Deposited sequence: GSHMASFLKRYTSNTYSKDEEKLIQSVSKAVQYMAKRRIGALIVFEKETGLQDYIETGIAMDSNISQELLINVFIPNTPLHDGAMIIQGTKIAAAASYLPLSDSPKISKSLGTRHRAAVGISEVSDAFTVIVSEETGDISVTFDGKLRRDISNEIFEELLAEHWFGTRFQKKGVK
C-alpha cells in the first residue's frame, strides 16, 4: 500500500546508506513469533520509523549501536537488544551480528537484515538460514514480502 512503500523506502534507503559507509547494523522484523522477551533486554523506544532515525541508532561508538534493533509493525520496538547466538558449523568463522541474526532466525520466524562492518554487504536471515550479499533490489523485494506482503 501507499503508506507501506514509504516505510520500505525508509528502511531500504537507510541500509544502503550504512552499506556504503561501512556501518554495521542489525535490524529484526517481527512476524508472529513474539519477540517481547528480546525487546526487553534493550532500550524501549516505541518509535516511528524514519531513514534518519535508523541511521542515528547505528552510528559507531554510540549507546544504541551495540545490539539489534527490533521492529514491530510500523514502530521501532527497541534498540540495543541482544539476541542469542547460534553455534551451527555452517556459519563462516570470518561476525557476531551475523551470529545474532541466524540465532534469532533459528528461534523465531523473524526476518533479520545485517550490514557488514567490514564489507558493507547486505545479508538477511529467515527460517534459520542466512542469505548473504543480496542486492538492494532483492532486499526491498524480500523486506516487502516478509514485513508486510
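Chemist: Counting from 1 along the deposited sequence, give me every gap where there's no C-alpha, start to finish.
Modeler: Coordinates drop out over 1 to 16, 111, 167 to 175.
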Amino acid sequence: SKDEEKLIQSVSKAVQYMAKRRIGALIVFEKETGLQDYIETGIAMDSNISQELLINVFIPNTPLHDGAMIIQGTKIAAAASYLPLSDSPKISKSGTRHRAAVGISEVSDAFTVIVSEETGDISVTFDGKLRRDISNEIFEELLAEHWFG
From here on, numbers count along this sequence of modelled residues.
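Chemist: With respect to the recorded C-alpha B factors, which stretch has the higher mean value, 85 to 93 or 104 to 112?
Modeler: Of 104 to 112 and 85 to 93, the stretch with the higher C-alpha B-factor average is 85 to 93.
Chemist: Which listed residue, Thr33, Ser50, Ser123, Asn56, has the largest C-alpha temperature factor in the record?
Modeler: When the deposited C-alpha B-factors of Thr33, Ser50, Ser123, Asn56 are compared, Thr33 is largest.
Chemist: Would you check the entry's CA temperature factor for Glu140 and let me know if it's in the chain's lowest, middle or highest third?
Modeler: According to the entry, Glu140 has a C-alpha B-factor in the chain's lowest third.
Chemist: Using only modelled residues of the chain, where does the Cα B factor of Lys20 rank: lowest third, middle third or highest third?
Modeler: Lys20: CA B-factor falls in the lowest third of its chain.
Chemist: Ranking every modelled residue in this chain by its Cα temperature factor as given in the entry, which third contains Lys129?
Modeler: For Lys129, whose C-alpha B-factor we compare with every modelled residue in the chain, the answer is the highest third.
Chemist: Mind checking which third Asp37 falls in for C-alpha B-factor across the chain?
Modeler: It belongs to the highest third of the chain when residues are ordered by C-alpha B-factor.
Chemist: For the chain shown, is the CA B-factor of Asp66 in the lowest, middle or highest third of its modelled residues?
Modeler: Answer is highest: the recorded C-alpha B-factor places it there.
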